[PDB]
There are 6 protein chains.
Amino acid sequence: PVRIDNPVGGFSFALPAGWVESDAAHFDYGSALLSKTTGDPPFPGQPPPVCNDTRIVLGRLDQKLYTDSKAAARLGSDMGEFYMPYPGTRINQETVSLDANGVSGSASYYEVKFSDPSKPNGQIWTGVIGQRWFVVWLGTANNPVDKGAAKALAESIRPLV
Amino acid sequence: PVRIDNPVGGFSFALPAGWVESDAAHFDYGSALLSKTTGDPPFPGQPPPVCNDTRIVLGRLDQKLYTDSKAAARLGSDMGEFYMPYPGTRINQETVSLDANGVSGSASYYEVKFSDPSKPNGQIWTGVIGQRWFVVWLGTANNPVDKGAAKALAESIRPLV
Amino acid sequence: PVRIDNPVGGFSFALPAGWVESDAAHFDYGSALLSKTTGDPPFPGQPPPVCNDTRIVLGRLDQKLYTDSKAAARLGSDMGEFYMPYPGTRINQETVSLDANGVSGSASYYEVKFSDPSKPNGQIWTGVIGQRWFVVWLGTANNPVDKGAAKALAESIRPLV
Amino acid sequence: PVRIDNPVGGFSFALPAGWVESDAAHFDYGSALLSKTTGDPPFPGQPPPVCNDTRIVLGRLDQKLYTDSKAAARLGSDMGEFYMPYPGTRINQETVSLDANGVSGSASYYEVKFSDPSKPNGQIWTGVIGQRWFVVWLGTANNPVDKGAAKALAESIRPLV
Amino acid sequence: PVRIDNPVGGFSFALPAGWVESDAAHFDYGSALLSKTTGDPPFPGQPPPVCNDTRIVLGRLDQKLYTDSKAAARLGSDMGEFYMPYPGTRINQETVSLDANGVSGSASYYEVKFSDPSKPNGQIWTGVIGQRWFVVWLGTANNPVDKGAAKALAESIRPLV
Amino acid sequence: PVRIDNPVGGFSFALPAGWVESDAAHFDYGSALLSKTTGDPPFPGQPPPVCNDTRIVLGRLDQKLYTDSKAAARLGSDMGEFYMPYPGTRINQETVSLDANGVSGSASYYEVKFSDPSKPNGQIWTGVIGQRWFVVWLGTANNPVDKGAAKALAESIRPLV
Ligand SMILES: [Hg+2]
Ligand SMILES: [Hg+2]
Ligand SMILES: [Hg+2]
Ligand SMILES: [Hg+2]
Ligand SMILES: [Hg+2]
Ligand SMILES: [Hg+2]
């Protein structure tokens, strides 16, 4: 169990097994971007290969932006445009209640069946917890969102004091 | 009149007056990203301040991706999701014929009236010319797309030989 | 109240409200560079717009370099050349005693009236606390140094053990 | 046919089909690093996915460093240590004469059978042409060096005047 | 005594006196790269000049990769190819037992006498401790590995919990 | 003789022998930053070691900013504050007439004797040619400005058409 502090964003979280940070700059402004290692280890000290069709973003959710249920739905809709900007239809929608050590939240999940029959279906899970924090886990039919792990990641969020 | 070569993307173009390149890395894979200087000059040798609500992207349009009229409409719809991922309504739509030294193309323009009444309206102009190249010019009601300059930029595109 | 550790520089500090880290690399060698958000929030996970006419630098002050009163005056004079390299006259000078949880220091403030009548006046506040640490807060007549917040930032410095 | 100038390194070359530049910084000091696109196109304007098990480096070969036949063999031996630092045996060695528009050179190729039976065999082709320039094309049994294309790349090198 | 946490790699370590972090990105995936300051201090807030012929890398050693004695020897052999890819002979070999607060490990050291008589001899110290962590300290005859400090660095490693 | 184009800044120039570009980003906005190699060659394809006490900046000189004689003196005074922000006295001043293929300009040179007796004297040469372009060559008593080469660099500037 690996806990990561994000002091600018005011929270800590548990790093999902098999994931690394994608860059350092997100932490400058209170966010975090994570990538999934492929499992093939790099030479020691060098950066590991990571998947290009899945990613996780988390951070403080600005008080100016966006109930946690309504917020996660709205954020999830916007995130899906930003990360999956191709025409398609939303299918297999779900909402999930969150409880991060007693701090309530909500998440919205859905899949995108793209108009392009050669594109794998997109998948997106967006959680809001709470001061408020968000978690977005993006994947595809070939590299699916791990819904149980996304819930565990959001429920691992703790405010820093 | 400043002409810029993009050898990986197979084209050259005229840099719009008052704009600079935003980074060098786009040219690595045959694209270009431009930013608009604010007019307040920096110390010599240092990077100029640029606007944060307008941008231009141009590059080779992959033969796998997307008539030029249909292509610019589809690309413009996707670009507007990617750059303006908030809910809203498309208004003030236009299409524009392009002629780049005899190479035909088409562009699609529209504005977005956002659901959020405090967001300025978004503006996007997307052109496809042609091997094919694209031009996307993004702005807002406070920093509008210069439609005549966007047409001139797309019509300035020349294949490199 | 957000406390940030800088382990290479041997100190922690309280992040001023409304400010973010400008990059990650400063911490590699025991410094920190901060930028002021404009208040217009970015899309979640993306970097916020920041002001281009104000900045804060802090870090360990090398034992080889530069009383804390004399040190802050000398450092402030050099910092003003580095950040405001245009001809002008220093006006509205002040010195300020510092007490960081019992660790004494001193700061030097002044404004620059530039020879160029179209340049807004520059403002710089430079503090030395203490092992020694420095704080430099730069602004202009349009985006002034918050002198009370600069004193609070310097007095928030704690050695790490 | 896409020709790329490298003014600091004093040469131009033909970009192999399906390859892009990996970064811009190599050109600062007269080299070039190329990566192979996977074929899955990115969103327009965004960087394409590239293979992680093949790469090409080319540049001016310092007059202080390293006949072209002896030079390519020595450089190839060193490059194979640098890029394939695991124990193994060199097999399937070849040397290839080069003629770049009348400028002679030589290349050395070999494969590495690694001690680790789960590692795919490494492949490396190293050419020296000539002022002198080098070309290194690295691959594996799963993503082999295209020997004909590596020879064409080295023979495409032209001095800039 | 300066202790640095590496949460992705699951460890903390004591920063050797006179060394700084070379970049921030290594920590993204659980490694750290350190550079040695030259002693000439930079302007405050700016990065210090560092030596170009010595470096330290440390990180988690993948369970898939590589007894600690055998592991450090094998890793040291591979690291010496990666960092010193020129022909030469290994001389002055040593192995060193490690004890990091009761966690055992081993290190392998050797020097390289290069075929090129104008190259200074290379030096490399590679330690494995332990979950397992590695430490590599690289130097030359002109800027030698500090063997006592490398042992202290490896023995300063503590798992994070 | 190596000529480099800077299309955003509207000029080309001859690269001084032994110098490389320091980064790619300066060209994005019409400037160039050059560093001096130490002569010790790197491994092929890797960046060469460069001096840390000398540098060259060149670029378009904004029509809003700053006769060429008065301009070079004023720019040289400001550049010396920016690059040598320590107290001292200007000595050994010179001005130099420039003629870049018939385009006139002027340069201002001076040395700085620092108050700190352990700092080597600073040296700065600043030229303005002309649309106008600037050249700044910075050095020290240990790594002096090559005045003849700085004049040749400024006189090598040609407008791009
Ligand atoms: Hg994957
Ligand atoms: Hg603007
Ligand atoms: Hg501002
Ligand atoms: Hg591949
Ligand atoms: Hg050194
Ligand atoms: Hg030097």
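Letters A, B, ... are given to chains in the order of the sequence lines, protein chains preceding strands, and every chain is numbered from 1.
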With side chain to side chain contact (heavy atoms under 4.5 Å, CB included) as the criterion, how do B:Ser108 and B:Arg74 come out once you've worked through the C-alpha distance, each side chain's angles and the decisive distance to 0.1 Å? CA-CA 9 Å; B:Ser108 167; B:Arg74 290 180 198 182; over 6 Å; no

Practice problem: Given side chain to side chain contact (heavy atoms under 4.5 Å, CB included), test B:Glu21 with B:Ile4 step by step and report yes or no. | Solution: CA-CA 10 Å; B:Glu21 297 165 354; B:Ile4 305 295; 3.5 Å; yes

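- Take B:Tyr66 and apply the ring-ring contact (aromatic ring centres under 6.0 Å, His included) test, not counting sequence neighbours, and it matches no residue.
- The structure places OH of B:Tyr110 at 13.0 Å from CG of B:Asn121, a figure rounded to the nearest 0.5 Å.
- The shortest distance between side-chain heavy atoms of B:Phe82 and B:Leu138 does not fall below 4.5 Å.
- Proximity of C:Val50 to A:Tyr29: side-chain heavy atoms (C-beta onward) are nowhere separated by under 4.5 Å.
- The side-chain heavy atoms of B:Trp137 and B:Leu34, taken from C-beta on, include no pair separated by under 4.5 Å.
- Under the 30°/60° scheme for interplanar angles, the aromatic rings of F:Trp133 and F:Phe11 are found to be tilted.
- D:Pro42 pairs by the side-chain contact (heavy atoms from CB on, under 4.5 Å) definition with D:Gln46, D:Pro48, D:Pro49, not counting sequence neighbours.
- Judged as a side-chain hydrogen bond (donor to acceptor under 3.5 Å, both in side chains), the pairs with a partner in residues 84-97 of chain B (not counting sequence neighbours) are, in order, B:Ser77-B:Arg90, B:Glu81-B:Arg90, B:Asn92-B:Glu111.
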Subject >> Check against side chain to side chain contact (heavy atoms under 4.5 Å, CB included), D:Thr38 and A:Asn52 >> reply: CA-CA 11 Å; D:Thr38 64; A:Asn52 48 42; 5.7 Å; no

- Message: Quick one, B:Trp125 with B:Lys151, criterion side chain to side chain contact (heavy atoms under 4.5 Å, CB included). Give me CA distance, side-chain angles, the key distance, then yes/no.
- Response: CA-CA 9 Å; B:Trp125 189 108; B:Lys151 173 176 180 188; 4.1 Å; yes

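- Side-chain contact check for B:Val112 versus B:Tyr83: every heavy-atom pair is 4.5 Å or farther apart.
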